[PDB]
There are 4 protein chains.
Amino acid sequence: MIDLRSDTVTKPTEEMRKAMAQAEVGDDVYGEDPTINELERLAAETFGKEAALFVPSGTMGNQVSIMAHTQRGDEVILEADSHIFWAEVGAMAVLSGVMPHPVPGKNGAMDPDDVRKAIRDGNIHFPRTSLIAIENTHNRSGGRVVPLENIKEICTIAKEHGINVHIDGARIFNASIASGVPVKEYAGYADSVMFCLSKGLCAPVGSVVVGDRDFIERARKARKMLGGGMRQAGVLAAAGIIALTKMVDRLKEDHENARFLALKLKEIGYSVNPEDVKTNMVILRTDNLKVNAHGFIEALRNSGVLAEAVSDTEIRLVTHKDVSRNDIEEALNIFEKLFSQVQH
Amino acid sequence: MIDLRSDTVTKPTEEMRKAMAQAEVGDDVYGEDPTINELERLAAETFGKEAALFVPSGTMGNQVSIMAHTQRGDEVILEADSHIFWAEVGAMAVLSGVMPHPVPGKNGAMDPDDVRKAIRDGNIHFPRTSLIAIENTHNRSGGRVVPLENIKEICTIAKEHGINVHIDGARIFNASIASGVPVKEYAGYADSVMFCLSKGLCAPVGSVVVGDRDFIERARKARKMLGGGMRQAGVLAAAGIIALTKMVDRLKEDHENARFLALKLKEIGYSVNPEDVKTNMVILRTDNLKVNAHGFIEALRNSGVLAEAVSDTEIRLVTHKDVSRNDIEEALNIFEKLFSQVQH
Amino acid sequence: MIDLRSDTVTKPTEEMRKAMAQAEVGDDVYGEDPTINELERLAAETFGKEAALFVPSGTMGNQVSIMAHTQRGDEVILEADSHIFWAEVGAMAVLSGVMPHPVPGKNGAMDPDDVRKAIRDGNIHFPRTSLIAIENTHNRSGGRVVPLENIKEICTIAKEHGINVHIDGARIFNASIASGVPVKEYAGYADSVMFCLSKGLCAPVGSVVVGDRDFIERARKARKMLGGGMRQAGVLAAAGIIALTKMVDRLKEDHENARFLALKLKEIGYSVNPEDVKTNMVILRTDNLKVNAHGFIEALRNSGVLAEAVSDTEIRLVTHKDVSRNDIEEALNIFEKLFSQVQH
Amino acid sequence: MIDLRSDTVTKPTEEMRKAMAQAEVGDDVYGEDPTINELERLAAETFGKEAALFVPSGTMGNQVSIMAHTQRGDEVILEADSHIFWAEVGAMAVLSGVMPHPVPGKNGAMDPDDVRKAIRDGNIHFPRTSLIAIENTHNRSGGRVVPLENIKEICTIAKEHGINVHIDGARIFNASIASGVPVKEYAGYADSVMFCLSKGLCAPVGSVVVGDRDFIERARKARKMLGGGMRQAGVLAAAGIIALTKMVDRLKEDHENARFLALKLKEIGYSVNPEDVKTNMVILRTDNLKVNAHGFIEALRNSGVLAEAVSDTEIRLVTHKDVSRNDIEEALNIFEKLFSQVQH
Ligand SMILES: Cc1ncc(COP(=O)(O)O)c(/C=N/Cc2ccccn2)c1O
Ligand SMILES: Cc1ncc(COP(=O)(O)O)c(/C=N/Cc2ccccn2)c1O
Ligand SMILES: Cc1ncc(COP(=O)(O)O)c(/C=N/Cc2ccccn2)c1O
Ligand SMILES: Cc1ncc(COP(=O)(O)O)c(/C=N/Cc2ccccn2)c1O
Ligand SMILES: [Ca+2]
Ligand SMILES: [Ca+2]
Ligand SMILES: [Ca+2]
Ligand SMILES: [Ca+2]
Ligand SMILES: [Ca+2]
Ligand SMILES: [Ca+2]
Ligand SMILES: [Ca+2]
Ligand SMILES: [Ca+2]
């Protein structure tokens, strides 16, 4: 099977497996795991922030950030197709008692004027707007890179109102590799950033939240409440340090493989826009096929290629360390064989 | 002052004042207030439902309905400009732990195909869609009437998936008067309807939720939790019986006054669409004026007319029993004088 | 029927009925109801506070106070048998996301040393203690009066830790009449007090929260969220002004009737402690009877007397304006006849 | 340092470190991690249950169980000193919207008659009792073993009412070793059991929830919402399998070391009851010392022994794999040297 479903399926490198076996550990509830502590120090340093917090998932990273930024009855502005709204189980309503205010963007970029219009006036009928969340890269639109200028303008709006800014940077190193913007420059326009270790950077488990000391203290207590306060989690942090410090540069290979995949899919005749492919994701539309996305996914699966439908007419293909150029070429031979069987 | 801010400002009639003074009362927590019990009986009968529940506000009516229809973490589909999302203080997230799924409609009518697309499939990442809310009339769009066929098709969609349907019928009698659809007919396509007594029907306080016996018992316990469990509330229900049984027919006068207001505002030169005015509300746009909506609201207030801005470029004018045709004519004179000094 | 179930069953006086009929009203959402505004002014003045808030029930009064005093995850210290824990539908957990810390008291008075021990230290495992609630009079223990020195010492403890203090003063005027302590004096040791109009003071609907300006504005927004934001509620406030200004002194009659009831029940042979009866409630124990409290309640109801069991072995009898000494004498005759057939 | 603070401080065995490095992993969000899957199969088999769910902490295990057993506004009966109430950050109120009903027990055993009395009647004022939680062993009382007969009688009560039963079995294998009761026999009297891998069984991270298939499916979705849905968590489950299958028998050594510690502390002159010591915990009281528990903890820390104060007059000592008999003897020499310096 060639697995193009997600970059979460990456398996740990040999260096990571060794580091996990040899990890120096302690009880993180007492702040005594030295490898967790070093991962958090490195993460804060990398992002230009005072403090950092390891969490067992990107979902938890986002939700403790929302909890630490908000009070009950607040409203959170976020992009209408972003992960926090789409695919985090409604946690923001249950855990934090906040409402989402979905703003449809273009490729993850909310028009700053629409962000302005979404902020609630001080009026007894309205929730209090206390948080704006930005996702970079933006998953649903195809791993698109949100321009730094968009983040800067939204930060400017937030400072005018006293509103917190959170970046869902699950794939912020993919954004950085594609744009040349260092992650600490994105992070300078936010109060908090969540970034994942367990996607393209190939750690088996985890993400990190970075921000100011007082915010991270609140987020750490939120983590305890949600159940993310682990014991000898240095076993995980050992792999996370390798992910953060050694696995960023090679994300360029995933980007090259996704672009090559898209170029050749277009040549075959599929509805793909290679010009849209800036990081490790390709959106393929079924408009010129007689099957819908779900039927094409099943046909691919039966032919040895795993992918996911993100709508009835769109499939998402995701590259990562565990699909090589050889694997991409094999997948393309499978896509080529299938095209005459599914074309309209 | 000529008050076009809202139809909530209606004061009780002399008949209502007499009825409140001599209301037969009892302790509603024990179900022993005879006037509450008769109002609920009349309301259930009027709407063709098994049971009904008096509440002190339309907000509480919507929120106990949401609580009784949902579990924590569920999603509620509703129109993106509907009152439950716009102007109920984020209560659905705080009180029920549910997420709104805002669907932008056309004049309050969500496209049924967009409703279909908004229902979550059963994946672990997604909330469970358990409720669809429809607002009729639709406030923000200008008191617009949602077509019965829209409500009917959404009811069919909901039945398929085992999803509940709630009508926010704050102004459902205005809708009925304008469409000719009996309120019982609207209500047959919903599990619950909230309708207000304290707006155009001129009661001083309250709304009523109608629905099935088991739903209403759940909503009654939700009412107790939220603090709507009153004692000798028959004082209020006495005016409510008069509102429900005697004040519906004259809503036609409010509609005629709103249509007259809109026609004459257009003749003066203001940006109004009299063809959009089907019940008791008029939207005026400030696009051809030197001031925005907030500037115009202040100019109007200084000149003796009260209205509200619903955006930076739109004001909402609402007619009701306590603005006569005389008052509308006087307001139009004020609008005419103001036009030369606000015109662009 | 002779109704000893509760003092909530009080019906409005003729003076109240006239006042409701001619109440001067306005839209309370705009702060424009003159009778609500005067009731809140009188209430704040009576209790020595900056501001006040009318609410439709004592439950809502307590719950908006909790919301305005707390953040999600906080803990609220309160007496283990107090109404907020016992009989407010778990609202503090649902609406505010706070945990109760029940402290068993003696006659409603929590030992201040137990309050000290219940305050959480700052550890990551513990909620933040942000509120202490005191109930005076204390309902479940038999309408008992919490000593002023208890309230004073708990106030000192709370001030030390920056913890808010709420008095559930549903029956604070009963406490004041029995103790000689002015309600303003009780209230000076609390941040907020909720007191009821709809119990012994005989208004048909409502309670009032008093406190600081900023707290009351937070509580007013909480009221909007919960659905207590009414329109022309001056109809209710007119009766409330009469309740607050004219119905306090005669609570002495309720106390005398309760004490007479208890003395005569003991003379008959029932298990009652007349020395415990300081306001308008009597606890009767069924330990020397063939029936339990529920069996005795049914026997009483069949004989024309309404009361409530508060446990399997205890019934609560409550006096109020609508049970005269004549009615108490008639109830005692019924109790005497029943004794020979229920006695053990 | 001799660390008697907790059994959470256990470090992974050499066999665990090897197994983590060699773990066969996959993406647990897709159910594709074979080592997680095998751990869950083994756990369900061991406890006689249909299904099992790995979680990153015991706190998360308890809280997803509460979420899966309850609806908003429910009440949970639990022992007044149990971990869910004492030390889980008020999560049950925030995450599930439920109230605790603390019942003071004797050594973790709630009197079944008190459990009966705590169940709420069906009444509009009351939350719905839907869950009873039992903790075995009971931490705060000194690692005490709850008798099987207590669990059986509480199960009997729950079946009469349709109430769910959850065992907080963080240390259920310690209970089993001490009592001879197999864990699947305890579990047969519960709907769910949470047990920890990361305490005495020496895994670095994690716990497991066991129960019926439908309950575990709900708990798995709760885990996704809280942020416990990890990716290649087979690295952790590899150690967890060794913990579950190889580390249970040697808990007897921890019990022998705790009993030896207690016997010799009593001989030295400290206020310890060796007869109370049935598993791996010892409570030492400071009643006969001139210092309180906090001062004694600091004196111990400065002398090379780590422990924790659980009140102002009580310290808890906890044995585990990483304190040997040699370490216990060294700690006792330190306790002996200190006694003349702190005795009253
Ligand atoms: C932008 C963003 N933010 C947060 C998370 C939550 O991170 P998690 O809780 O899964 O560790 C994710 C997870 N995406 C998983 C996925 C699956 C298939 C294809 C692509 N992506 C995310 O894309
Ligand atoms: C559709 C709808 N649903 C619920 C409510 C809540 O009802 P309340 O809690 O206020 O009783 C309202 C209230 N509209 C008040 C208003 C003010 C100004 C202009 C127009 N309308 C509503 O329009
Ligand atoms: C101390 C206290 N606080 C708040 C409330 C809530 O107030 P409500 O939401 O009902 O307006 C009550 C209500 N007691 C009603 C009752 C019934 C039978 C016998 C005695 N009392 C209360 O005693
Ligand atoms: C009975 C019980 N249940 C759940 C948990 C939560 O498990 P956690 O979320 O920490 O993995 C714990 C944790 N006790 C940690 C501790 C520290 C010091 C001394 C003794 N114990 C527990 O004792
Ligand atoms: Ca900032
Ligand atoms: Ca991975
Ligand atoms: Ca239906
Ligand atoms: Ca009105
Ligand atoms: Ca104060
Ligand atoms: Ca009354
Ligand atoms: Ca069962
Ligand atoms: Ca451990």
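Residues numbered from 1 in each chain as written, not as in the entry; some residues may be left out. Chains lettered and ligands numbered in written order. Heavy atoms only, no water.

For chain A, the PDB entry supplies the name L-allo-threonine aldolase and the organism Thermotoga maritima. Here chain A is described in UniProt, under the heading Cofactor (unreviewed entry), as follows: "pyridoxal 5'-phosphate". UniProt annotates chain A under Sequence similarities (unreviewed entry) with the comment "Belongs to the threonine aldolase family." (UniProt positions renumbered as here; feature names shortened; annotations may be inferred.)

This part takes up the overall build of chain A. Secondary structure summary: chain A contains 14 helices and twelve strands in total. Computed over the C-alpha atoms, the radius of gyration of chain A is 20 Å, within 12% of the 20 Å expected from 2.2 N^0.38 for a compact globule of 344 residues. The principal-axis extents of the C-alpha atoms in chain A amount to approximately 60 × 55 × 35 Å. The long-range fraction of contacts in chain A, counting pairs at least 24 apart against all pairs at least 6 apart in sequence, stands at 75%. Total accessible area on chain A is roughly 11,800 Å²; 45% of this is exposed by carbon and sulfur atoms. Positive and negative side-chain charges in chain A, numbering 40 and 49 respectively, have mean positions lying 1 Å apart. (Helix = DSSP H or I, 4+ residues; strand = E, 2+ residues; numbered from the N terminus. Rg over C-alpha atoms; globule rule 2.2 N^0.38 Å. Contact = heavy atoms within 4.5 Å. Areas by Shrake-Rupley, 256 points an atom, 1.4 Å probe, with all protein chains shown as cover. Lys, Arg positive; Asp, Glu negative; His and termini not counted. Charge placed at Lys NZ, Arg CZ, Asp CG, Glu CD.)

Between chain C and chain B, the residue contacts involve 44 residues of the former and 44 residues of the latter. Of the roughly 3,600 Å² buried at the junction of chain C and chain B (both faces included), carbon and sulfur atoms supply 57%. At the boundary of chain C with chain B, the tally comes to two salt bridges. Broken down by secondary-structure element, the contributors of at least two residues to the side of chain C that touches chain B are α1 (14-21), α3 (58-69), α5 (91-96), α10 (213-226) and α11 (234-246) of chain C. (Buried area = accessible area lost by both parts, 1.4 Å probe. Salt bridge = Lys/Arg side-chain N within 4 Å of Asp/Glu carboxyl O.)

Residues and elements named next belong to chain D. Tracing the chain through its elements places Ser192 in strand β7 (residues 192-196). Looking at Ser192, its side chain comes within polar contact range of the side chain of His69, at 2.8 Å. Beyond its immediate stretch of four places on either side in the chain, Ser192 contacts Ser65, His69, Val165, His166, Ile167, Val210 and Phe215. (Polar contact = N/O pair within 3.5 Å; in protein donor to acceptor, adjacent residues only side chain to side chain.)

Bringing the relation of the copies chain D and chain B into the picture now. Rotating chain D by 179 degrees about the axis while translating it 0.2 Å along that axis superimposes it on chain B, leaving an RMSD of 0.2 Å. Here the two chains are linked by the operation of a two-fold rotation axis. Residue by residue, 100% of the interface of chain D is reproduced at the interface of chain B, so both copies engage with the same surface. (Least-squares fit on C-alpha atoms.)

So, about the sheet that holds strand β4 (residues 99-103) of chain D. Residue and element names in this part refer to chain D. With mixed pairing, the seven strands of this open sheet are ordered in space as β2-β8-β7-β6-β5-β3-β4. Edge strands, defined here as strands with exactly one partner in the open sheet, are β2 (51-55) and β4. Averaged over all pairs of adjacent strands, the angle between their axes in this sheet comes to 20 degrees, without regard to strand direction. In this sheet, strand β8 (residues 207-211) lies alongside β7 in antiparallel orientation, the contact comprising five bridges. When the bridges of β8 are listed, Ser192 appears paired with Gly211. Across the sheet, helix α2 (residues 34-47) touches β2, β7 and β8, and the angle it forms with β2 is around 125 degrees. (Pairing = 2+ DSSP bridges. Axes fitted to C-alpha atoms, helices over the stretch in contact; angles between N-to-C directions.)

Turning our attention to the coordination of the calcium ion (ligand 12). Reference values for coordination geometry: four tetrahedral donors around a metal ideally subtend 109.5 degrees, six octahedral donors ideally subtend 90 or 180 degrees. The calcium ion (ligand 12) binds to the protein through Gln232 of chain A (OE1), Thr8 of chain D (O), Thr10 of chain D (O), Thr10 of chain D (OG1), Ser198 of chain D (O) and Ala203 of chain D (O), with metal-donor distances spanning 2.6 to 2.9 Å. If you look at the calcium ion (ligand 12), its six donor atoms make angles of 67 to 155 degrees with each other, and the shape they trace is irregular. Here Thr10 of chain D is found in the loop between β1 (2-3) and α1 (14-21), whereas its partner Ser198 of chain D is found in the loop between β7 and β8, with 188 residues between them in sequence. The pair formed by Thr10 of chain D and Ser198 of chain D is uniform in burial state, with each residue classed as buried. (Donors = N, O, S within 2.8 Å, 3.2 Å for Na, K, Ca; no water. Tetrahedral: all angles 85-135°; square planar, octahedral: opposite > 155°, others 65-115°. Buried < 20%, exposed > 50% of the residue type's maximum accessible area, 1.4 Å probe, protein only.)

All names here are of chain A. When its domains are assigned, chain A resolves into domain 1 (14-246) and domain 2 (250-342). If you average the C-alpha positions of domain 1 and of domain 2, the two centres end up 29 Å apart. Counting from both sides, the interface comprises 18 residues of domain 1 and, opposite them, 15 residues of domain 2. Counting the surface lost from both domain 1 and domain 2, the interface buries some 1,400 Å², and carbon and sulfur atoms represent 58% of this. Sorting the residues of domain 1 by area buried against domain 2 places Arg140, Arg144 and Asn174 first, and these three jointly supply 34% of that buried surface. On inspection of domain 1 and its partner domain 2, the count reaches two salt bridges. Here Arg140 and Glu314 are joined by a salt bridge, their closest N and O atoms 2.7 Å apart. (Domains from an automatic or database assignment.)

With that settled, the discussion passes to the interface of chain D and chain B. Taken together, the contact pairs 17 residues of chain D with 17 residues of chain B. At the surface where chain D touches chain B, the tally comes to 14 residue pairs in polar contact. Those elements that place two or more of their residues in the side of chain D that touches chain B are α5 (91-96) and α10 (213-226) of chain D. No other element matches the four residues that α10 of chain D contributes to the side of chain D that touches chain B. Split by residue class, the side of chain D that touches chain B holds seven nonpolar, six polar and four charged. (Nonpolar A, V, L, I, M, F, W, Y, C, P; charged D, E, K, R; others polar.)

Close to ligand 2 lie 18 residues, the nearest being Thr59, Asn139, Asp168 and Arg171 of chain B together with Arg231 of chain C. Residues near ligand 2 are shared among chains B and C, making this a multi-chain site. Taking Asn139 of chain B, its side chain carries an N or O atom lying 2.8 Å from an oxygen atom of ligand 2. At 2.8 Å, a side-chain N or O of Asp168 of chain B approaches a nitrogen atom of ligand 2. Protein contacts shield 96% of the accessible area of ligand 2, which totals 520 Å² for the unbound molecule. In terms of residues, the shell around ligand 2 owes the most to one element, helix α3 (residues 58-69) of chain B, which gives three residues. Its residues placed into classes, the shell around ligand 2 shows one nonpolar, eight polar and nine charged. (Near = heavy atom within 4 Å.)

What follows is about the packing of aromatic side chains. This structure, assessed with the given rule, holds 28 aromatic pairs over all chains. Relative to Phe335 of chain A, the ring of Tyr270 of chain A has its centre 5.6 Å away and its plane inclined at 85 degrees; by these criteria the two rings are edge-to-face. Residue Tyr270 of chain A is located in the loop between α12 (251-268) and β9 (281-285), and its partner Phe335 of chain A is located in helix α14 (residues 325-342); the two are separated by 65 residues in the primary sequence. Neither residue differs from the other here; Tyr270 of chain A and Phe335 of chain A are each classed as buried. Ring centres of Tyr270 of chain D and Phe339 of chain D lie 4.9 Å apart, and the angle between their planes is 75 degrees; this geometry places the pair in the edge-to-face category. Linking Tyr270 of chain D in the loop between α12 (251-268) and β9 (281-285) with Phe339 of chain D in helix α14 (residues 325-342), this pair joins segments that are 69 residues apart in sequence. Take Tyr270 of chain D: its relative accessible area is 4%, and that puts it in the buried class. Exposure remark for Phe339 of chain D: the relative accessible area of 13% places this residue in the buried category. (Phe/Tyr/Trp six-rings, centres within 6.5 Å; stacked < 30°, edge-to-face > 60°.)

The subject of this paragraph is the nonpolar core. In terms of nonpolar packing, the biggest core is built from 125 residues, with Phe173, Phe195 and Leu197 of chain A together with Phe173, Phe195 and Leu197 of chain D touching the most fellow members. Sequence-distant contacts of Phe195 of chain A, defined by excluding residues within four places in its chain, comprise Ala43, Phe47, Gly169, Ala170, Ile172, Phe173, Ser207, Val208, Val210 and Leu244 of chain A. If you look at the next biggest cluster of nonpolar residues, it comprises 124 residues, including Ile134 and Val210 of chain B together with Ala233 and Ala238 of chain C. (Core = buried A, V, L, I, M, F, W, Y, C linked by side-chain atoms within 4.5 Å.)

For the rest of this paragraph, the subject is the relation of the copies chain C and chain B. Mapping chain C onto chain B is achieved by rotating through 180 degrees and translating by 0.0 Å along the same axis, at an RMSD of 0.0 Å. Most of the interface of chain C is mirrored in chain B, where 100% of its interface residues are also at the interface.

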